[PDB]
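Single chain ahead, written as structure tokens, the form deposited in one PDB entry.
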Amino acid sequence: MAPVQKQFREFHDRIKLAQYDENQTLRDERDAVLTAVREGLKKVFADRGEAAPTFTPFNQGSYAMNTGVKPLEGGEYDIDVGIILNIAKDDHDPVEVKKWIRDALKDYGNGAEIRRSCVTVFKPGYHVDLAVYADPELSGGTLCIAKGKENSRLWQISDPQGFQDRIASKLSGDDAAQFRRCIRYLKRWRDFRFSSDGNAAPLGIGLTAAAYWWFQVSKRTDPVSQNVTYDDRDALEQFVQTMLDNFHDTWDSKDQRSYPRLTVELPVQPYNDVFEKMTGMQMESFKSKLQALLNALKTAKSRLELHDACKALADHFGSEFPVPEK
């Protein structure tokens, strides 16, 4: 077994949150918000004199892709769900359609909100993000998400299920398990080391897309038993180094200097840079913490004391990373 592998797997056990298909609590919180939208929609449509449109829900985000992590103590997790309304996109305003959902949920938990890319509804210790789509069958065969706020506002080409397929299909079996563990490791690193300023934090979807582009399996196959052991520390080292290698100095005419920028395109429509909202200064801070994480992964390979190897990693991963006594 690889150095620190046992402690990586124990860390993984502590940070993992079970996917929808394995998690009754998340399925119930999801389904309660879905019910709340159906009932809520009757109310909104009683003023327009016809049946509210029906919707088809589907799982999205980390609990659909089995890349979910528990929040830090007193943080919130996000349940992500898509609803495809039985509407033609050209017949309705995206913000109008997101308004229906917001007003449907106005009086659910601590209220609803219209975001650039979703309607978010707040409850204790978690929020639910409802991506709102028009019917492809009614909208010229494309799946379009409702983008923009009151203060702003389009139907944008979207492919959440294609993204989810890409993440599921990149690898299989125990190879795909290491891939998923390494996404979760970086999500906990993100939560632990970007807690000062949430806006500066690399989005979960960006770490997932980065893994899609750049993650490589690390495993060794015994010359005798042919028995296979995974090396998460080495997989993470190679993955982090590859991300660092893809930062590019980018000139900023206002500040008259360069900032290092990591561009991570979604591998499906709309193929946008998921990190495009991060400022140059937030990118410089992201790069420096990634470099510090890389340095710790290399130190952890070289320590004679397992205590010192694990301590070096706990400095970047936080309180759930096991540190054996010296």
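Residues that one form lacks are left out of the comparison. One rule holds for the numbers: they count along the sequence shown, beginning at 1. Heads up, when I say rigid core I mean the largest set of C-alphas that superpose within 1.5 Å between the two forms.
In the deposited entry, the stretch joining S152 to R153 is interrupted by 4 to 9 residues of the deposited sequence lacking coordinates. Of the two stretches examined, 14-22 and 314-322, the record assigns the greater average C-alpha temperature factor to 14-22. Stretches 219-227 and 194-202 differ in mean CA B factor, with 219-227 having the higher one. Per the PDB entry, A46 shows the highest C-alpha temperature factor of the residues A46, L290, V268, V274. When the C-alpha B-factors of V128, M243, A177, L72 are read from the PDB record, the largest value belongs to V128. When the CA B factors of the chain's modelled residues are split into thirds, the value for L34 lands in the highest one. Sort the chain's modelled residues by C-alpha temperature factor and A112 lands in the highest third, per the entry. Among the modelled residues of its chain, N59 has a C-alpha B-factor that falls in the middle third, as given in the PDB entry. Sorting the modelled residues of the chain by their CA temperature factor places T208 in the lowest third. When the modelled residues of the chain are ordered by their C-alpha B factor, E237 lands in the lowest third.
If you look for the form deposited in another entry, you will not find it shown, but the lines that follow are about it.
Looking at CA displacements between the shown form and the other one with the core superposed, a shift of 2 Å or more is confined, among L244, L171, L72, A200, to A200.
Between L297 and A201, the Cα spacing is larger in that other deposited form than in the shown form, differing by no less than 3 Å. Legend note: Cα of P202 to Cα of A296 is at least 3 Å farther in that other deposited form than in the depicted form. Once the rigid core is aligned, the segments that move between the shown form and the other one, defined as three or more consecutive common residues whose C-alpha shifts all reach 2 Å, run 195-198, 200-203.
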